[PDB]
Amino acid sequence: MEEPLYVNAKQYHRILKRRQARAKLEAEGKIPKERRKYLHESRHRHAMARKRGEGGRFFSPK
Amino acid sequence: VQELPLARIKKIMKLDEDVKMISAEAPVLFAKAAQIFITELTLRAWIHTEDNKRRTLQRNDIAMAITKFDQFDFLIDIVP
Amino acid sequence: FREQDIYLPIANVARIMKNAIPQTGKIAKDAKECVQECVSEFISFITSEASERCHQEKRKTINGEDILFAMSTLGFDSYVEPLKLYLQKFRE
DNA sequence: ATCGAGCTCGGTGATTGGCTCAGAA
DNA sequence: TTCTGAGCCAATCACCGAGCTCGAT
């Protein structure tokens with residue numbers, strides 16, 4: 001991961017420092033390495049709870 | 001009419017420790033900028049979907065737009 | 001750091017994505033996930049230039065001019081007016 | 001004076017998964 | 001062809017925005 005003027009001239013130097021910023025966050029802080037299947041325990045329990053119509057969809061009146 | 005969470009745009013800017021106070025107008029500009037960005041990225045990627053005769057836009061469609069436009073050069077180590 | 005703390009909501013992103021295309025069209029999940037990452041990089045990218053130019057002028061608050069200037073600097077000079085325009089129909 | 005960080009609070013749309021067949025392969 | 005994976009529904013609740021107080025420029 002590295003290159004010189006083989007990228008937008010205008011943009012070059014920023015990309016560079018932003019590489020630094022991330023390489024920091026990675027090294028130290030917390031950048032989630034992988035995506036979670038769901039985001040909130042409760043919205044999962046609620047989606048699991050909902051009555052479902054035909055086709056695995058939610059429902060609607062009749 | 002369109003929208004995007006202003007609060008979230010902020011939360012994202014403020015990931016940087018160098019970035020301390022932020023004006024009100026800023027996220028508001030960014031809402032629209034991101035909107036134009038997301039809009040004109042997708043637009044470009046879809047060409048590559050139609051080129052290939054698919055009806056589903058996919059990750060690699062995207063990478064193929066990034067590589068074909070200088071203005072998007074800054075996403076290189078975002079999408080390998 | 002949670003996902004909700006560092007990306008725009010996915011459905012907000014898809015919504016817009018879906019507008020950009022044939023109404024009949026489809027979009028991969030991995031596609032949406034991807035733009036979502038990008039847009040977050042785009043946000044951060046303009047900022048670090050703005051933060052540079054904004055602290056370079058001995059100020060402490062990133063404002064309107066800052067962004068727009070950063071955008072000219074990085075080749076988004078095309079976005080500049082339509083924002084300005086859209087910047088006169090929401091403020092006072 | 002103005003203009004932002006950081007609370008709190010209440011109103012609301014993003015989040016969510018199973019079945020089906022577009023459509024990627 | 002085979003068979004993987006996106007769209008489709010709408011009810012809860014985390015998060016957003018509109019009010020605040022306070023301390024800075």
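A short reminder: the numbers here are calculations on the coordinates, not readings from a lab. Ideal geometry is used to build each Cβ from the backbone, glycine not excepted, and the neighbour counts take in all protein chains shown.
So B:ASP77 clears everything in (1) within 8 Å of another protein chain (Cβ to nearest Cβ); (2) within 13 Å of DNA strand D (Cβ to nearest atom); (3) in a loop (DSSP other than H, G, I, E, B) except one condition, right? Which one?
Condition not satisfied by B:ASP77: (2).
Please determine whether any residue of the range A:2-18 is of a type in the set (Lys, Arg), within 22 Å of C:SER44 (Cβ to Cβ), more than 9 Å from chain B (Cβ to nearest Cβ) and not in a helix (DSSP H, G or I). Quick ask: steps written out before the conclusion?
So in the range A:2-18, the residues of a type in the set (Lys, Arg) come out as A:10, A:14, A:17-18.
Next, from what is left, pick out any that are within 22 Å of C:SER44 (Cβ to Cβ): A:10, A:14, A:17-18.
Those left that are additionally more than 9 Å from chain B (Cβ to nearest Cβ): A:17.
Checking which are not in a helix (DSSP H, G or I) leaves us with none.
No, there is no match, as no residue in the range A:2-18 is of a type in the set (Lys, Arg), within 22 Å of C:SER44 (Cβ to Cβ), more than 9 Å from chain B (Cβ to nearest Cβ) and not in a helix (DSSP H, G or I).
Tell me yes or no: at least one residue of the range B:58-74 is basic (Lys, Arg) and surrounded by 14 or more Cβ atoms within 10 Å (Cβ to Cβ). Spell out how you get there, then give the answer.
Step one: of the range B:58-74, the residues basic (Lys, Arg) are B:59, B:68.
Add one more test, that the residue is surrounded by 14 or more Cβ atoms within 10 Å (Cβ to Cβ), and what stays is B:59.
Among the residues of the range B:58-74, at least one is basic (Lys, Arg) and surrounded by 14 or more Cβ atoms within 10 Å (Cβ to Cβ), which makes the answer yes.
Is it the case that A:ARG35 is away from DNA strand E (no atom under 11 Å from the Cβ), part of a loop (DSSP other than H, G, I, E, B) and of a type in the set (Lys, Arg)?
Numbers: away from DNA strand E (no atom under 11 Å from the Cβ): yes; part of a loop (DSSP other than H, G, I, E, B): yes; of a type in the set (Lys, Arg): yes.
Criteria met by A:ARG35.
Got a sec? Which helices (runs of 4 or more DSSP H) wholly within the range C:8-92 have at least 1 residues that are within 16 Å of DNA strand D (Cβ to nearest atom)? Spell out how you get there, then give the answer.
Details: elements: C:10-19, C:29-56, C:64-73, C:80-86.
Qualifying helices (runs of 4 or more DSSP H): C:10-19, C:29-56, C:64-73.
Take the range B:8-30 and flag every residue that is in contact with a strand residue (DSSP E or B) (Cβ under 8 Å, 6 or more places away or on another chain), part of a helix (DSSP H, G or I) and of a type outside the set (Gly, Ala, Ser).
Once the filter is applied, which keeps residues that are in contact with a strand residue (DSSP E or B) (Cβ under 8 Å, 6 or more places away or on another chain), part of a helix (DSSP H, G or I) and of a type outside the set (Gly, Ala, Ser), the range B:8-30 yields B:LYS10, B:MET13.
Return the pairs, sorted by first residue and then second, in which the second residue is in a loop (DSSP other than H, G, I, E, B) and near DNA strand D (Cβ under 10 Å from one of its atoms), the first residue lies in the range B:1-23 and is under 20 Å from C:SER48 (Cβ atoms) and among the polar types (S, T, N, Q), the beta carbons are less than 9 Å apart, and the residues are 6+ apart or on different chains.
Pairs found: B:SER23/C:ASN63.
Condition first: within 14 Å of DNA strand D (Cβ to nearest atom) and either surrounded by fewer than 21 Cβ atoms within 10 Å (Cβ to Cβ) or more than 7 Å from every other protein chain (Cβ to nearest Cβ) (or both). Now tell me which residues in the range B:23-45 satisfy that.
B:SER23, B:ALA24, B:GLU25, B:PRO27, B:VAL28, B:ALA31, B:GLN35, B:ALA45
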